[PDB]
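Enquirer: Chains as they are written, first to last, in our numbering: chain H, -11 to 38; chain G, 148 to 431; chain Z, 27 to 261; chain U, -1 to 332.
Provided herewith is a single structure, encoded as C-alpha cells, for subsequent inquiry.
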Amino acid sequence: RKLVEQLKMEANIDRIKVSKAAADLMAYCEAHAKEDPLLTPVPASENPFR
Amino acid sequence: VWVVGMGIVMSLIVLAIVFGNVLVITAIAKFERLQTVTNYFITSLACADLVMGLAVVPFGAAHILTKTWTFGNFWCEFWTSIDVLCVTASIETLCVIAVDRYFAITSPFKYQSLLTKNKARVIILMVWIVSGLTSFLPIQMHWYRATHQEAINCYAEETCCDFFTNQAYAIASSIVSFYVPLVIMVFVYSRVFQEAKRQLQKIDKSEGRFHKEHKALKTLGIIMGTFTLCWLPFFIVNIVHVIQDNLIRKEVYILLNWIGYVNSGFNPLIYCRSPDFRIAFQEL
Amino acid sequence: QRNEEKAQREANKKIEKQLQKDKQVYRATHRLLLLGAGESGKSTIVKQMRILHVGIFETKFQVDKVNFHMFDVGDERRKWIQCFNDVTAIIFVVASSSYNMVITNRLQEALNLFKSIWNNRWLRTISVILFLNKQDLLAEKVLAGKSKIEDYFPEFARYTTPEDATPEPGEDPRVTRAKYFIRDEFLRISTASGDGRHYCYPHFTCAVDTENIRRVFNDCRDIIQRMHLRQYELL
Amino acid sequence: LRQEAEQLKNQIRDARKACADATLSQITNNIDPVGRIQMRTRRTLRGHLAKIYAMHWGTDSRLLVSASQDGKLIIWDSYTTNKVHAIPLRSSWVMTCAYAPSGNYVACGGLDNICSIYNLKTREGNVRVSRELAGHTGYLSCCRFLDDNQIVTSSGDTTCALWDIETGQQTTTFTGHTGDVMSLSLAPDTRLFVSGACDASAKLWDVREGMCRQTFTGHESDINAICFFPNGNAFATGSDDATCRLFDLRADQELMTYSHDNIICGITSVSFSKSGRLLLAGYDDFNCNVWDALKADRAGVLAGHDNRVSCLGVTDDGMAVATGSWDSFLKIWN
Ligand SMILES: Nc1nc2c(ncn2[C@@H]2O[C@H](COP(=O)(O)OP(=O)(O)OP(=O)(O)O)[C@@H](O)[C@H]2O)c(=O)[nH]1
Ligand SMILES: CN[C@@H]1CCc2c(ccc(O)c2O)[C@H]1O
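Shown next, in the form of C-alpha cells:
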C-alpha cells in the first residue's frame, strides 16, 4: 500500500550523465587543491601543532 | 696455551650478559603496554644483571688472565664492594617476584588493592638499600678483614687481589644473601602448586566425561632447578672453608663463583617468555 | 598573556587529581551481564539479589566488602553486544521446565541463542554462568505421566544417567535423569569449542533459593583465579 | 500489489544504466598521482579510563570533546594538551557525542535511549543537564546539531527524528528503514542529510519536507559510517566488508569503489579532506588507511594505535586529523 507509492516518486526524477558529474568533482578538486594543508605540507613556521 | 682459548669463551659471557639485558630494558620503557607492576621488578633485576656484566665480570676476567692486579688496592676493594652489592641485590628480587605471584594467585580479590605503583617503588627502594647496607658499609669500614699473616701480607701488597674474611661476616653475608630468600621462595611456590592442583582437580570433576598437572610442574621446576643449581653449590663452600680451613682449594672457589655468575645471563630467557615480549622483540 | 596560562594549569591539576580517586573505584569493581530468553525469570533473580544486599536496568550490591555491579539489557541481530567484551562473567538464565511450549520449542530457541552467544568474535574470553531456572515445575511435569520428553526430544530414548551423577536428597530417579539430560545438552556445546580460554558453570536454581549470591561469588573468584593461573602458565 | 512494486523496480535500473556514459576511472586516468603521504603524531592525550566510542571537533578547531564508556565526557585543548572540563554521566554506556556550532552546548547518548544536553557557558561555573529528550525505543547511534535549538538523532529502532531543545518534543520523524540506523551526516547548508542502516542501504531525507528522496544500494553487509563530499553533491560510505564506495546524488548511482584484496577487516569510520581529494577510513585491523578520491590508490598508513580505531575527524581548517581507539588514547596527526 504505502511501499508501492514510494518508488513511484523516485522513479520519475531528473538525471544527468556520469561524465558531467565526474568533470564537476574533478574540477572542484583541482580548483581547491591549492588551499589544502594535508596535500601540500605547510611550512614549519606556521604549524600550530609543531 | 689453554688460557688463550679460556679467554675466548669468557668474552662471549660478557657480551651475552650485556646483549640479553639491554633488550629487556628498552622494550619495557619504550612501549607503554608493558608498563605494569611486575615489570618494575623485572626492570630492577635486568639493571642489576647489567651492572654485573658491565663492571664485575670484566675485571675478574682481566685478573684471571694477567695473574696480577694493576689498578691498585683502593680499586680492588671498590670492585669487591660492587660485586657483593650486585650479587646481593639480584637474589632478593626473585623473592619479591615470588611473593607478588603468591599474592596474585592466592587472594585475587585483594590483589588489586594491596599492591600499587607506590608500594612497588617503596619495596624496590627498600631492597636496594638493604643490599647496599650489606656490601659497601662492612667492606669500606674494614670489618671483614682476616687476621692470619697471609691475609695481612695480601692487604699490604699493592699488586695482589684476593678475598679473606672472618667467620662472622661470611656467615652473616651468606644468611642475608641466599639462605633467607630460599625458604620463602620454596613455601610460596609449594602453595602456588597446591592451588593449581586444586583448580585442575575441580575442572576435571566438573566436565571430565566430555574431555595431569604437567604444565605447572615444568614451569615451577625450570625456575627452582635453575636458581638452585646455579647458586646452591657456591653458598656451601663459602661457609665450609671458613668453619674449617684447609679443606677446599682456591680453583674450586673461583669455579663455583663463576658458575653462580651466569644466572644473571640466564634470567632474561626465563622471565621474558611472554607473547607481548616476543612481539616487542620481533618488532625490534 | 602569561596570566591566563597560569590559571589554566590550575584547572588541569584539579581534574587530574580527581581522576586518580575515580580510578581506584573503577579498578576495584566487577561487572556482570544478564542474558536469557523471555519469560525465563531474569528479573526474579534480580529482585532477590537486590533486596538482600542493599532503558537499562542496573543494580549495585556488596558481598564480603567486594563491589559488584549487575546490569540487564532488555530482538535478533544484536549489535550492542560488542560493548560487553570486558565483563567478569555472563549470567545466562534458561527456563528448563518449558520444553513442551512453542513460541519451535522454547528450549530449542534457548539452545540456539546459547550457541550463537558462545561462538562470538568479541566474546571469546568471557566465561558463562548458567542458571537452569524453574526446577519445581519440571519436577512436577516429570512426576506425572504425560507429555513425555521423548515425544519432543528423540535423543532421550538412548540416554542413561552418568556414573558421576550425584542425586538430589530424596529425589525420585525419574526427575534426575531429565535434569542431567538437559544439563549435558547445554554442556556439550560449551565443551565442543573454547580452546580453554573460557569455561561454563552450571547450576540448578528455583524461585525461592537463597544461595544464588554465594554461587555467583564463588564462581567469580574461581574465574579470576583461573585467569591468573593461565596468564602465569601455571595451570 | 506485489507485482506492481517489482514493475517499478525494473524501470529504475533501466534509467540508471542509460546515463552511464563512462566510468570515473576512465575520465581521471590522466591525473597525476599525489604520491606518498606520510604524517607524524604531534600530540597524545591521556586521561581516559576505558574505551573511546565518540569524538567531535569544535568550530574553532582548537577544542574537541571525547566520550568513553567509563562514564566521562572530557573536553580537551589540542594546542596545549590541557583538560578544561570533565562531566560525570549518569549512564556508563555512551555511544555518541556532539559539539555545538556556537560552542555553548554538548550532547550525549547511548544505550539508555535518552539524549542529554549540557550547558557549558553557565553562571556559577558548574555544568548541569539542561534537557533530557525521550521518545526513542532503541539505543542511540548518532546525533548532530543544526543550531542552538535543533538536533537530529538516529536510534536503533529503524527511525530518525528531529527534536526541539526548548520544548523537548519531536517536530518530525523519518521512517522507511528496515534495519538499525548506524550513522548520519548533515549537509553543509543543513537542508538535507543521509543515514546508513544495517540493511545495506542509504537514503537522502529532507528536513523541511520530512520525506525520503532517493535510495542507494550496492553494499553486501551492514553500513557503519557515512560522510558528505565538501561540495555537497556526493557522499562516501563505509561498510564492514572492507569496501568503501562513492555515490552521486545527481547521477543517482555508484561512482567508484575503494577495495583491496589484502584487507578483510571491517570499517568503523570515514572522513574527507579540506579539498575533498583524500578519503581517510578507519579499520578493525588496529590502523588507518589513506585513499585517493579520484584514483583509488593507497597513499599512506597510520599505524600508531594498539587497538581498533572507533572514531575519526578532520578540523574545519583542514590542519590536523584526530583519531580515537579502544586503548583510551587520542592522537593528532599533521
Ligand atoms: N511457580 C513458579 N513460578 C516461577 C518460578 N520462577 C519464575 N516463575 C514465574 O516467573 C514470573 C516472573 O518471571 P518472568 O515471567 O520470566 O518475567 P521476568 O522476571 O521479568 O523475566 P523476563 O520475562 O525475561 O523479563 C513469576 O510471576 C512467576 O510466576 C518458579 O520457580 N516457580
Ligand atoms: C669475591 N666475590 C664475592 C665473595 C663473597 C660473597 C659474594 C657474593 C655474596 C656474598 O654474600 C658473599 O659473601 C661473592 O660475589
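Just so you know, even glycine gets a beta-carbon here, dropped at the ideal spot from N, CA and C.
1) Less than 8 Å between the CB atoms is what I'm expecting for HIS54 of chain U and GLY311 of chain U, so what's the real figure, rounded?
2) If you draw a straight line from the alpha carbon of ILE71 of chain Z to that of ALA195 of chain U, how long is it in whole angstroms?
3) Give, in chain order, every unbroken run of the alpha helix (DSSP H) that is at least 4 residues long and sits entirely within the region 155 to 180 of chain Z.
4) If you compare alpha carbons, which of U:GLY166, U:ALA249, U:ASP239 is closest to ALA10 of chain H?
5) Quick check on this structure: which residue in U:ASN332, U:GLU130, U:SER153 has the alpha carbon closest to the alpha carbon of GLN167 of chain U?
6) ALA136 of chain Z: beta carbon under 8 Å from a heavy atom of ligand 1?
7) What residues of chain U sit near residue 3 of chain Z, judged by a beta carbon separation below 9 Å?
8) Give the C-beta separation of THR26 of chain U and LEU292 of chain U to the nearest angstrom, bearing in mind that I take them to be a contact with Cβ-Cβ under 8 Å.
9) Could you tell me whether the Cβ of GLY355 of chain G comes closer than 9 Å to any Cβ of chain Z?
10) Check the Cβ of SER7 of chain H against every Cβ in chain U and list those closer than 8 Å, keeping chain order.
11) Starting from the C-beta of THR263 of chain G, find all residues in its chain whose C-beta is less than 8 Å away, skip the five residues before and the five after it, and write them out in chain order.
12) Alpha carbons only, please: which of U:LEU247, U:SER219, U:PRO228 is nearest the one belonging to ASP238 of chain U?
13) Given a threshold of 16 other Cβ atoms within 10 Å of its Cβ, counted over all protein chains shown, does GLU23 of chain H qualify as buried or as exposed?
14) Straight-line CA distance for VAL(-8) of chain H to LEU(-1) of chain U?
15) Among residues of its own chain, excluding the 5 on either side of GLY407 of chain G, which ones have a beta-carbon nearer than 7 Å to its beta-carbon?
16) Is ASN159 of chain Z close to ligand 3? I mean its beta-carbon at under 8 Å from any heavy atom of the ligand.
17) Can you give me the start and stop residues for the alpha helix (DSSP H) that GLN287 of chain G sits inside?
18) Going along the chain, which residues of the region 205 to 224 of chain Z sit with their C-beta nearer than 9 Å to a C-beta in chain U?
19) Is it a yes or a no for the region 133 to 145 of chain Z touching the region 209 to 223 of chain Z, going by three-plus beta-carbon pairs under 8 Å?
20) Measuring straight from C-alpha to C-alpha, what distance separates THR192 of chain Z and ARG356 of chain G?
21) How about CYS309 of chain U and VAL268 of chain U: do their beta carbons lie closer than 9 Å?
22) For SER326 of chain U, decide whether its Cβ has a neighbour in chain Z, counting only Cβ atoms nearer than 9 Å.
23) Can you check whether the C-beta of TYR281 of chain U is within less than 9 Å of a C-beta belonging to chain Z?
24) Report yes or no: do three or more beta-carbon pairs, one from the region 301 to 316 of chain G and one from the region 210 to 222 of chain G, lie closer than 8 Å?
25) For the region 182 to 234 of chain U, which segments carrying the beta strand (DSSP E) assignment without a break, of at least 3 residues, lie completely within its bounds, in sequence order?
26) Helix, strand or coil for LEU118 of chain U, going by three-state DSSP, please let me know.
27) For the beta strand (DSSP E) that contains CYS286 of chain U, what are its first and last residues?
28) Could you tell me which chain U residues have their CB closer than 8 Å to the CB of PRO36 of chain H, listed as they occur along the chain?
29) To the nearest angstrom, how far is the alpha carbon of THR294 of chain G from that of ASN313 of chain G?
30) Are there 16 or more other CB atoms within 10 angstroms of the CB of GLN257 of chain Z, so buried, or fewer, so exposed?
31) Give a yes or no on whether the minimum CB-CB distance between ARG103 of chain Z and chain U is below 9 Å.
32) Listing by chain order, which chain Z residues have their CB less than 8 Å from the CB of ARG248 of chain G?
33) Quick one: which residues of the region 81 to 100 of chain Z get their C-beta closer than 8 Å to a C-beta of chain U? List them in chain order.
34) Closer than 9 Å by beta-carbon distance: list the chain Z residues that pair up with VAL269 of chain G, in chain order.
35) In its own chain, which residues sit with a C-beta less than 7 Å from the C-beta of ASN305 of chain U, not counting the 5 before and 5 after it?
36) Whose CA, out of U:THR170, U:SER89, U:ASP178, lies closest to the CA of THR135 of chain U?
Expert: Reading off the structure:
1) In the fourth sequence, counting from the first residue as 1, residue 54 of chain U sits at position 56. In the fourth sequence, counting from the first residue as 1, residue 311 of chain U sits at position 313. Indeed they touch by this definition, with Cβ atoms about 7 Å apart.
2) For the purposes of this step, residue 71 of chain Z is taken as residue 45 along the third sequence, with counting starting at 1. For the purposes of this step, residue 195 of chain U is taken as residue 197 along the fourth sequence, with counting starting at 1. Answer to the nearest angstrom: the Cα atoms are 36 Å apart.
3) Listed in chain order, the complete alpha helix (DSSP H) runs (minimum 4 residues) inside the region 155 to 180 of chain Z are 161 to 169, 175 to 178.
4) Within the first sequence, residue 10 of chain H is the residue found at index 22, counting from 1. Checking every option, the nearest Cα to that of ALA10 of chain H belongs to U:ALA249.
5) As a first step, residue 167 of chain U must be located in the fourth sequence, where it is residue number 169. Cα-wise, what sits closest to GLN167 of chain U is U:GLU130.
6) One-based indexing of the third sequence puts residue 136 of chain Z at position 110. Outside the cutoff, so no.
7) There is no way to answer for residue 3 of chain Z, as the model of chain Z reaches only from 27 to 261.
8) Along the fourth sequence, one-based indexing puts residue 26 of chain U at 28. Along the fourth sequence, one-based indexing puts residue 292 of chain U at 294. About 4 Å separates the CB atoms of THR26 of chain U and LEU292 of chain U; that is less than 8 Å, so the two are in contact.
9) For the purposes of this step, residue 355 of chain G is taken as residue 208 along the second sequence, with counting starting at 1. Interface residue, yes.
10) Sequence index remark: in the first sequence, residue 7 of chain H carries index 19 (1-based). Result: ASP19, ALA20, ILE25.
11) Numbered from its first residue, the second sequence carries residue 263 of chain G at position 116. Excluding residues within five positions, the ones whose Cβ falls inside 8 Å are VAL184.
12) Indexing the fourth sequence from 1 puts residue 238 of chain U at position 240. Of the candidates U:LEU247, U:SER219, U:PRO228, the one whose C-alpha sits nearest the C-alpha of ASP238 of chain U is U:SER219.
13) Here residue 23 of chain H is taken as the residue at index 35 of the first sequence, counted from 1. It counts as exposed.
14) The residue you call residue -8 of chain H lines up with position 4 of the first sequence. The residue you call residue -1 of chain U lines up with position 1 of the fourth sequence. Cα to Cα, the separation comes out at about 8 Å.
15) As a position in the second sequence, residue 407 of chain G is number 260, starting the count at 1. Answer for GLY407 of chain G: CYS377, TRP378, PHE381, listed in chain order.
16) Although ligand 3 was asked about, the structure shown includes only ligand 1 and ligand 2 as ligands.
17) Here residue 287 of chain G corresponds to residue number 140 of the second sequence, with the count starting at 1. 264 to 287 is the span of the alpha helix (DSSP H), which, as asked, contains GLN287 of chain G.
18) none
19) yes
20) Position 166 of the third sequence, counted from the first residue, corresponds to residue 192 of chain Z. Position 209 of the second sequence, counted from the first residue, corresponds to residue 356 of chain G. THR192 of chain Z and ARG356 of chain G have their alpha carbons spaced roughly 14 Å apart.
21) Residue mapping note: residue 309 of chain U aligns to position 311 of the fourth sequence, counting from 1. Residue mapping note: residue 268 of chain U aligns to position 270 of the fourth sequence, counting from 1. It is not a contact, given that the beta carbons lie outside the stated cut-off.
22) Here residue 326 of chain U refers to the residue found at position 328 when the fourth sequence is read from its first residue. Not one chain Z Cβ lies under 9 Å of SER326 of chain U.
23) Taking the fourth sequence and counting its residues from 1, one reaches residue 281 of chain U at position 283. No - not a single Cβ of chain Z is within 9 Å of the one on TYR281 of chain U.
24) The region 301 to 316 of chain G vs the region 210 to 222 of chain G: in contact.
25) Residue ranges of uninterrupted beta strand (DSSP E) with 3 or more members, entirely inside the region 182 to 234 of chain U and ordered along the chain, are 190 to 195, 200 to 204, 221 to 226.
26) Along the fourth sequence, read from residue 1 onward, the residue named residue 118 of chain U stands at position 120. DSSP places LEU118 of chain U in coil when its eight states are reduced to three.
27) As a position in the fourth sequence, residue 286 of chain U is number 288, starting the count at 1. That run of the beta strand (DSSP E) goes 286 to 288.
28) Start at 1 with the first residue of the first sequence, and residue 36 of chain H comes out as number 48. In chain order: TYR77, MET317.
29) The count along the second sequence starts at 1 and reaches residue 294 of chain G at position 147. The count along the second sequence starts at 1 and reaches residue 313 of chain G at position 166. When rounded, the distance between both Cα atoms is 8 Å.
30) Position 231 of the third sequence, counted from the first residue, corresponds to residue 257 of chain Z. With fewer than 16 Cβ atoms within 10 Å of its Cβ, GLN257 of chain Z is classed as exposed.
31) As a first step, residue 103 of chain Z must be located in the third sequence, where it is residue number 77. Yes, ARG103 of chain Z counts as interfacial toward chain U.
32) Here the question's residue 248 of chain G lines up with position 101 in the second sequence. Residues of chain Z whose Cβ lies closer than 8 Å to the Cβ of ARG248 of chain G are, in chain order, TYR258.
33) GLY81, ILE82, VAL99
34) On the second sequence, position 122 is the one that residue 269 of chain G refers to. Going along chain Z, no residue has its Cβ under 9 Å from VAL269 of chain G, so there is no contact; the nearest lies around 18 Å.
35) As a working mapping, residue 305 of chain U is identified with position 307 in the fourth sequence. Hits under 7 Å: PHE284, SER323, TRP324, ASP325.
36) On the fourth sequence, residue 135 of chain U is found 137 positions in, with the first residue counted as 1. The residue with the shortest Cα to Cα distance from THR135 of chain U is U:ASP178.
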